[PDB]
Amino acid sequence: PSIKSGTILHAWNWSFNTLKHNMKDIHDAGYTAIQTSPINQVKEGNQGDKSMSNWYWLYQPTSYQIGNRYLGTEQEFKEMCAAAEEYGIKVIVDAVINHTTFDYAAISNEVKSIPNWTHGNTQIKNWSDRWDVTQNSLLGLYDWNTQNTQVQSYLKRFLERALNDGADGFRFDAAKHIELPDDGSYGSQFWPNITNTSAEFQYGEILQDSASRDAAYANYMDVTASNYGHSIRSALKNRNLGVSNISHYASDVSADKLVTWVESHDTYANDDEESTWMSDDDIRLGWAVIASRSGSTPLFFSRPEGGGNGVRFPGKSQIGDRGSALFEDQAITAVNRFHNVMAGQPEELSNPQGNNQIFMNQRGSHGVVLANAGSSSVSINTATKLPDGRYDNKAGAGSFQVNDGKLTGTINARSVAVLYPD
């Protein structure tokens, strides 16, 4: 299938060499593509220390040469993309092209060689003013002068290089901070131009608000369903998976142009710790919900080894090392495969017997996914289109039966279920 049809593994902070070595496992996990952290040169602050708390330096470019101390060299990136292809895995690169580091003295002469390359570092003030949001600085990070056709070619050359090194797609960091052709009199052809590459798949991080212009960006790339992420999280928090709150994407953009998640690296690693509270079960459950969906493209966030239950960085690994083994959890991968096999099937979300603690998604008449957010097991008995027969839970222990259109079986507490003919 295409990248848009499958699931994506966010290999957050995974070095190029780490990725290359876990490639067979990534494949067996049912992922169609992996997303790396920024691969360009950055300001390796705090003396380049690899403590997981230093994750943010990767978002402070100093040049657009490929390679850095956190992820590895440009050669290792290439080898990584090659090892990925040996398994049909696509590679999506996190492109930070809206800004550079805040430290002007760290910026490379290479960048400074570009005449009038920056809008300055005047921090945004009015997040309701498309002018201030796009033309000024985010957190003090020098804002690229994207209206300058010369910066465009410099940045696009970087993207083209990545594609030549084996990259297959992009994730445009802070995409909401780069003007569109119709943003008043300060608009540019930045997006029309840079999205014109051989990239197979590309989406932009556009966190939603009154001025994010979600639908506008969708014309040039897929977009993030940030609101939906909060909808899911709230559901997980209250152990209430009622479909009246988690079926709508809370966005004007339709599923087919949406990239979804249970949590993002931002909601997890920032000092706000807004999603850090979740446990692995909360993730197995949330992932069952979003990854069972039709159209949208789910992004699985790989957490730091030992991370969760409110603790961001427990110190059991550092930047570069692989994340926890949840990305290849039986429940998680079973759902990945379900997502892949059902591609093209319609969907039907519900809450069996009116119990909102039970999520159910029936895709066409080929497969069903159940999610029990409650702390007690539930003997299900609901309508289904699956052909009569016995179905072993692919996501875990247990089995179910389908007789005369009746789906019966027990779904353990805090558990996921995935059923469909072999």
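The first residue of the sequence shown is number 1, and the count goes up from there.
When the Cα temperature factors in the entry are averaged, is it 352-360 or 392-400 that ends up higher?
392-400 has the higher mean C-alpha B-factor.
Can you tell me whether 368-376 has a higher mean C-alpha B factor than 382-390 in this record, or the other way round?
Higher of the two, by average CA B-factor, is 382-390.
Can you tell me which of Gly169, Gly295, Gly310, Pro181 has the maximum CA B-factor listed in the PDB entry?
In the PDB entry, the greatest C-alpha B-factor among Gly169, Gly295, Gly310, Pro181 is found at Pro181.
In this PDB entry, which of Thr224, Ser324, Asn98, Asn136 has the top CA B-factor?
Most elevated C-alpha B-factor of the set, per the entry: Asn136.
Against its chain's modelled residues, does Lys125's Cα B factor rank lowest, middle or highest third?
Top third by C-alpha B-factor.
Would you check the entry's CA temperature factor for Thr267 and let me know if it's in the chain's lowest, middle or highest third?
For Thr267, whose C-alpha B-factor we compare with every modelled residue in the chain, the answer is the lowest third.
Rank-wise, by C-alpha B-factor, drop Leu9 into the lowest, middle or highest third of its chain.
Lowest third.
Using the temperature factors of the C-alpha atoms in this entry, rank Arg69 within its chain: lowest, middle or highest third.
CA B-factor rank for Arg69: highest third.
Can you tell me whether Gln41 has a C-alpha B-factor in the lowest, middle or highest third compared with the other modelled residues of the same chain?
Its C-alpha B-factor, which the entry lists for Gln41, ranks in the middle third among residues of this chain.
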